[PDB]
Each structure stands twice: as C-alpha cells, then as structure tokens.
Chemist: 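Once you've had a glance at the structure underneath, I'll fire off some questions.
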Amino acid sequence: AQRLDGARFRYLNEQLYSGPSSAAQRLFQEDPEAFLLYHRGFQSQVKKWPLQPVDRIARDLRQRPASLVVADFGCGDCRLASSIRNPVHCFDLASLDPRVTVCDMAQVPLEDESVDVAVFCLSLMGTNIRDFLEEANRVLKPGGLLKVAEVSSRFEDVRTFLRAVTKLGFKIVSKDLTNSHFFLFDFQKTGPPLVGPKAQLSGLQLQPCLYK
Ligand SMILES: Nc1ncnc2c1ncn2[C@@H]1O[C@H](CSCC[C@H](N)C(=O)O)[C@@H](O)[C@H]1O
C-alpha cells in the first residue's frame, strides 16, 4: 500500500512534467483525488529535506516590508502565506486551502503591475514554462522581484536557463546554489520581455524533478 502510493505518485509526477499546464489542469479538474495523491507524495519528499524552499523564501521575504504584495504561483497548501504577514495571492490548479484562487498560473486574475514579488517555489512543472514567467512579468510592477526555486537536478545548464529568463525582461540579482536539494534564484524585473511572443527560448526547457 505504501509502496503503491509512491509508485502512483512517481508516475503522476513524471506525467505532470511531460505535458502542458492545460493537461495538468484537466487531470486535476476531472480527478481531484490525483491532486491529493500528488501532494501526499510531494510532502513525503520535502519532509526529508533539512530546509524546504518555501521556508527559505519566507525567510527572505520576512526581511523586507510586509506591505510588499506577493503572488505565490503554484502555492500548494499555502505555507508561504501562513509564514508571512504580506498580502499573498495564492494560485494553484486545485485547492488544499481556502486562500487558493484556482486557476492556471499562466493566466491569473490580477491586473498588470499589481504585485511586488512573484514566487515560483518548485512549481514550474508544465512544458509551457515560458507562459508562467511571462505572466509573472505581466503582474509584476517595474523593479519587482521574481523568486524561483527548483530542484537542482532539473538544471542541465543553469547558464542558459538564467540567460533565457533574462530575455523575458529580468535581471539576476542573486542565486543561492548552497542548498543540496534546490537552487534559488532572485531576479528583478527590468521591463517587458525583449524577445517577441514568437521567439524560441530553449534555455527554459528543464529536466523533470524525479526525486532522487
Ligand atoms: N500551471 C500551473 N498553475 C497553477 N499551479 C500549478 C501549475 N503547475 C504546477 N502547479 C502547482 O505547483 C505546485 C508544485 S508543489 C509546490 C507547492 C508549494 N509552492 C510548496 O513549496 O509547498 C502544485 O501544487 C501544482 O499543482
């Protein structure tokens, strides 16, 4: 049974990285128990990490004024919102928490330049990663902060990933590669994307997180 839930999780997990966000959204809409499975599995993984990226991100944000408006892109169970006093917009494909605004984070119900900080904490799952980051750019005020955490094994070439993100109107401010389980990148918004919506951007193609 325990071995089965993990097999199930590992299959679903691999599936979630393999398709566009529309696929993941449909799956969770039609099969909400799959969402429960995913998070049972995800929690079993992050429990064994000395420090979760949400907590590291919360620590960062607690050092800045709590008036900064945060968007948590792929918020899961909203530990970020629970950990900071900021206004935190919580977006995910399905809801484990009453603060969740259910949507594809490629298209969130916020105005342009409405947020100070966009967070992607282990959430850049679908193949259409460009969509997520462009939506982050849209909602971010000029000079706003983008924080990205992903498992390090997802990055076969950090250099090109960072280069591609820069093409979407961001500047790297710092990167923390010191945690053994994830890389954390802080970018600041310089403006709108500087490659048109028909440019290629291969640097964004990440490897799936396979949890060991
Ligand atoms: N396109 C999308 N739109 C909204 N949420 C998405 C999404 N793609 C992935 N997610 C969400 O991203 C989450 C990844 S697990 C990480 C959850 C949370 N940030 C934490 O650190 O605890 C899942 O809840 C998943 O449903």
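Each ligand, and each atom within it, is numbered from 1 in the order the structure gives. Along the sequence shown, residues carry numbers from 1.
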Chemist: Which is closest to atom 26 (O) of ligand 1 by heavy-atom distance: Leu27, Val46, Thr101, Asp92?
Modeler: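 Result: the heavy atom closest to atom 26 (O) of ligand 1 is in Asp92.
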Chemist: Can you find a heavy atom in the side chain of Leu146 that is under 4.5 Å from one in the side chain of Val119?
Modeler: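 No, too far: nothing below the 4.5 Å cut-off.
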Chemist: List ligand 1 atoms under 4.0 Å from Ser21, heavy atoms only on the residue side.
Modeler: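 That gives atoms 1 (N) of ligand 1.
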Chemist: If you measure only the distance, is there a donor-acceptor pair under 3.5 Å linking the side chains of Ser83 and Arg62?
Modeler: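 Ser83 vs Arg62: no donor-acceptor pair found between side chains.
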Chemist: Under 30°, 30 to 60°, or over 60°: which ring-plane class applies to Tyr211 and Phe9, parallel, tilted or perpendicular?
Modeler: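 The arrangement is tilted - the two ring planes meet at 30° to 60°.
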Chemist: Looking at ligand 1, does any of its N/O atoms fall within less than 3.5 Å of an N/O of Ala106?
Modeler: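 No, no N or O pair falls under 3.5 Å.
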Chemist: As an exercise, identify every atom of ligand 1 less than 4.0 angstrom from a heavy atom of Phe132.
Modeler: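 Per the distance check, 1 (N).
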Chemist: Which atoms of ligand 1 sit under 4.0 Å from any heavy atom of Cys121?
Modeler: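 Numbered from 1, ligand 1 contributes 16 (C), 18 (C), 19 (N), 21 (O).
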Chemist: Considering only heavy atoms of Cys103, which atoms of ligand 1 have at least one such atom less than 4.0 Å away?
Modeler: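 Close to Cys103: 3 (N), 4 (C).
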Chemist: Report the relative orientation of the aromatic rings in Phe155 and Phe161; use parallel for angles under 30°, tilted for 30 to 60°, perpendicular for over 60°.
Modeler: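 Judged by the thresholds at 30° and 60°, the geometry between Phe155 and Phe161 is perpendicular.
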Chemist: State if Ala94 counts as touching ligand 1 under the rule of any non-hydrogen atom under 4.0 Å.
Modeler: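 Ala94 does not count as a contact of ligand 1 under the 4.0 Å cut-off.
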Chemist: For ligand 1, note which part of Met105 has a heavy atom under 4.0 Å away: side chain, backbone, both or neither.
Modeler: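 For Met105, backbone and side-chain atoms both sit under 4.0 Å from ligand 1.
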Chemist: Can you tell me if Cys75 contacts ligand 1 (heavy atom of the residue under 4.0 Å from the ligand)?
Modeler: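 Right, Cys75 reaches ligand 1.
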Chemist: Could you tell me if any non-hydrogen atom of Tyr38 lies under 4.0 Å from any atom of ligand 1?
Modeler: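 Under 4.0 Å: yes for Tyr38.
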Chemist: Parallel, tilted or perpendicular for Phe187 and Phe185, by the 30°/60° rule?
Modeler: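 Tilted.
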Chemist: So is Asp104 polar-close to ligand 1, meaning N/O to N/O under 3.5 Å?
Modeler: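 Yes, there is a polar N/O contact under 3.5 Å.
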Chemist: Using the six-membered ring wherever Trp is involved, compare the ring planes of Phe91 and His89 and label them parallel, tilted or perpendicular (cut-offs 30° and 60°).
Modeler: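 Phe91 vs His89 ring planes: parallel.
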Chemist: With heavy-atom distances below 4.0 Å as the criterion, list the atoms of ligand 1 near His39.
Modeler: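 Close to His39: 23 (C), 24 (O).
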Chemist: For ligand 1, does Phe42 get within less than 4.0 Å through its side chain, its backbone, both, or neither, judged by non-hydrogen atoms?
Modeler: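 For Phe42, the contact with ligand 1 is made by the side chain alone.
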